[PDB]
Structures are given as structure tokens and as C-alpha cells.
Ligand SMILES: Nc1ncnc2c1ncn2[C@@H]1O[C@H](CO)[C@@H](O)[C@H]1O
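First, one chain by itself: the form solved without the ligand, in C-alpha cells.
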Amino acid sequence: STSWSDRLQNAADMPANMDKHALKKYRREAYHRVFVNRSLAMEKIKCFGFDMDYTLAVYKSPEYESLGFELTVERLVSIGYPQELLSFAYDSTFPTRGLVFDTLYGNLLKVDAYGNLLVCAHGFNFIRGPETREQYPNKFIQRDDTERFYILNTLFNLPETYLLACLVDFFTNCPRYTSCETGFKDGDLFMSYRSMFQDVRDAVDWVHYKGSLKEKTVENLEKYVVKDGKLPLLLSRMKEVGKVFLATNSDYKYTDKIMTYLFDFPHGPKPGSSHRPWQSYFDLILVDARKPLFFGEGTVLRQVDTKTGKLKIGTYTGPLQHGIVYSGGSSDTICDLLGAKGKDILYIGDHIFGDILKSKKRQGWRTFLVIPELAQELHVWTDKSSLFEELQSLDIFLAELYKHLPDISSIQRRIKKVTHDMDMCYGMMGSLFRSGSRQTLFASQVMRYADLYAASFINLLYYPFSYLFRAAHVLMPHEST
């Protein structure tokens, strides 16, 4: 069965046909389109900036999530969780990105931009409407209550999204434990959902920063990372009309190993070209960025000793120099060193919060959101477009019905059953962007904060670099009538 990284690999395998009409032809197929929420005149962009993980380096699915899952389960068992966790196995059909974990009640929630509950799952049991009112009287959560609610926003969170559901299901059904509203009881030991969640969160961090996940990734890069020969071509085209920079949270050693792989072709920008080191594609390279803090105060600007991969002692005070690698600093480092203002910058990333929302809101940067799942989402949205149309029709009929003073009822049931049918085509937690006719929190933040978005940053290759990406003018309801 074809995953979303599979469709990315297919396109990644194909060479760049830069014939002008092949590009137009290519960029009307929606897989290869750049989609536009707010209008952007590429001619005015002076700096193209990049995230790395799941932006330049898309990890293959479900291999990477499975590996992260396996390593996280073993960290938990190693710290004392029960051995039965080792029989868990990652199932990519369950988790959708952007879910909310309620650490009070142990539910995964899919919500809209206002915190309305679209899906509620306790372990693997999907709680429906009336049952959810017992815990959510108004069917609503205050998502800015970040002490209770954790939003699982990155593809790095997909393993723990599934794992948390596994854990709830396990403790709920294992007779050694007694279920309570707020966690599980085994004699004089009480395990709250909240402390369960913290352990999972800690295990994921540890696996990434003290465990073996990076090691296992780098020793089988072909198994775990998508490679695309068109990347050096896109970056060198960008270098011709402007400056290119890298700003990543990862450290230098991991960044160097991953980026060496991403440029490991028998050629440079195009076949026949001398191969060039990955660093030569960037006017500025910054690691340990600590985004989103990076877009505020940031941290002290350091200089990487690239021979040892350690930071040099002290704050770096000097000029932008060929060959230098920076660590920490802030968004103002980029602006100062490349002589750019926020709106001269297109920053390309995959973290809707850490890359897009914060650079937009706090600095006025232009934004490009990479959504790796979009390839699969697009395939499903077109296949089952019929169901969405029926959903629209049923809503219009439901209105032209209330306006005539138990028919309104069978429609509401028909609406709920089409919604479910549509949602199941994406997975058990439904599409990334909606549940039926109701848009997700994630969808609404994409529209709000990503000026452009696409299945992959590479789709920029298919647009001339003076292109004006145009969204339609937005009208308030009273401006139409």
C-alpha cells in the first residue's frame, strides 16, 4: 500500500525537464503545485531559508516512524513500564497529525480552530457525541490551556500519537490495573494519564538526543531518508536570484551527515556538473536554532568548529565569512548578516508552529509550509470528492428545512454517516485537514499563517522566479451582498 513518502519518492526519482512548457504542464497537476493562501511576488523575495528535518530531509514512512516507535517503547520498558509494551507494533493507519492529547482524561482529540471536538478516542475506542459530553460538557476544549492539552504537530509526533493510544488501550484492558477518570491504579501506585504522557514525551526526546535513533538513521540513510537529484538544482537556481540560508534546530554533526546524503549524487546541480559540497549551496548556515525562541530573543550567537563539530568558546562577534557555520543566534542574525527585512525572506519549513506561525507573527517573514502528507491527502480528496459534495448538499437541504418550521434528524444522521465514511478513507483519525465538512485546527492554521504551501518545497522548481503567486481577494459576507 502506497504511503505519502512513496508518492514523494516517485517524484523525487524523476529528472528535471526545465523546458518551459513542461514546467507549466507539470505544475497544473496538483501533486506538484504550490498552493497560495496569501499573494506573494517571488520577484521581491531576496532570501530563501530552509528547515532541514521533514523539509529538506523527508523521512520515509512508515519506516522512520516505526523505528522511532520501537526505540521509544524500549526506552519505556527500560525505565520500568511493563514488558507487554514490546509486543506493540507501529500501525500507520491509526494516527493523523495535529491531534490533541488531553492529559487529564487520556483522550486523543481532533479539534477545529475553536476547540470543538471532531473526534474523541480513548485508546482505540472512539467516543461519540453524547458520551463525550460527560467529560466535555460543551464539546469543546480551551486549546491554549497548554498545561492540560498537548498538540502533536510534527511528523516526529506520529509515533507517540499511536503509542499513547496503545498505552491507554493496554492499561484499560490489563486486569492488573483499575481504571479511574484520570489514570490507572495498581494497588498503592497511581499512574495519571498526565504522568504517562510525560514519560512518553521524555522517552521520545531521550531516543532522539541520548538514544540510538540518529545512529540507526545515519547507518541506513537509504532506508530512512528520501533523496532527490533536483534539490541541488533548485538551490542553485535560488542562489542566482538571491541568497540561500539554512536555519535548523539540529546540531552540526547530524546536519552535516544528513545534508551530505541529500547532495550525494555523482553530480552537482544537474547531471554532468561537478559535485559540490552541500555547504556551498548556502550563503548562511545556522544550526542549534532553537526555534521558535529563534524568532524572539533567540540565544547567544556561537560559531561551530566544523573540524570537531563542537562550538568554539565565546560569542561570535564577527562578519559573515565564507565557510563559517553559526549556532543559535536569532532571526535578526539572518536579517543583519544577509541585509534583509522580514518580507524579503521566504522561510520554508514543516513546523506549523515553530517555523511558520512564529516567523510570520513575530517577524513578518513570508512563509512556505511543507506538508509531506499532502500527496496522499490529495489522492484521497479527489477519489472521494463525491462524498464531500453530498455533505454540502445535505447542509443546504438541512437549512431549507429549518426554514419551514423529525425530517431534520434523519438528515443529521445521514450527515454523520457520510462524514464517517469520508473520514475513514484517510485513516482512523481521518484527514489532516477536516472531519467531513468541519476544518481542523491544523487546516485553519495553514490557511492563516502559511503564505504558500505544498507537498514538497521542490514544487518551487516548476515556477519561474518572477512568478506572482496570487490568491483571490477575500470578501466579508456583507461585501458580497
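When you see a residue number, it is the position in the sequence shown, counting from 1.
- Across the other PDB entries of this protein whose models span the neighbouring residues, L213 is modelled without exception, so it is unmodelled in far fewer than a third.
- Of the other entries compared for this protein that flank it with modelled residues, a third or more give no atoms for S409.
- Gap check for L405 to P406: 4 to 9 deposited residues are absent from the model.
- When the C-alpha B-factors of 346 to 354 and 293 to 301 are averaged, 293 to 301 comes out higher.
- Across the two stretches, 56 to 64 and 25 to 33, the PDB entry reports the greater mean Cα temperature factor for 25 to 33.
- Comparing C-alpha B-factors across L286, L320, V111, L71 in the deposited entry, the largest value falls on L320.
- Out of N220, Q142, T161, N107, it is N220 whose C-alpha atom has the highest B-factor in the PDB entry.
- The deposited CA B-factor of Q439 belongs to the middle third of values across its chain.
- Among all modelled residues in its chain, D202 ranks in the lowest third by Cα B-factor.
- Sort the modelled residues of the chain by CA B factor and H122 lands in the lowest third.
- In the PDB entry, a CA B factor belonging to the highest third of its chain's modelled residues is recorded for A11.
- Annotation for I458: CA B-factor lies in the middle third of the chain's modelled residues.
Form solved in complex with the ligand: not shown, discussed below.
- Of the candidates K341, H322, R128, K312, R128 is the one whose heavy atoms come within 4.5 Å of the ligand in the bound PDB entry; the others do not.
- Scanning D144, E134, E181, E84 against the ligand in the bound PDB entry with a 4.5 Å heavy atom cut-off leaves one residue, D144.
- Remark: of stretches 272 to 280, 352 to 360, 332 to 340, 299 to 307, the one touching the ligand in the bound PDB entry is 352 to 360 (heavy atom within 4.5 Å).
- The three residues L23, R27 and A30 each lack any heavy atom within 4.5 Å of the ligand in the bound PDB entry.
- In the bound PDB entry, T217 stays away from the ligand, with no heavy atom inside 4.5 Å.
- Taking the partner from the other structure, the ligand in the bound PDB entry has a heavy atom within 4.5 Å of a heavy atom of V119.
- Heavy atoms of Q445 reach within 4.5 Å of the ligand in the bound PDB entry, making it an interface residue.
- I151 belongs to the set of residues with a heavy atom inside 4.5 Å of the ligand in the bound PDB entry.
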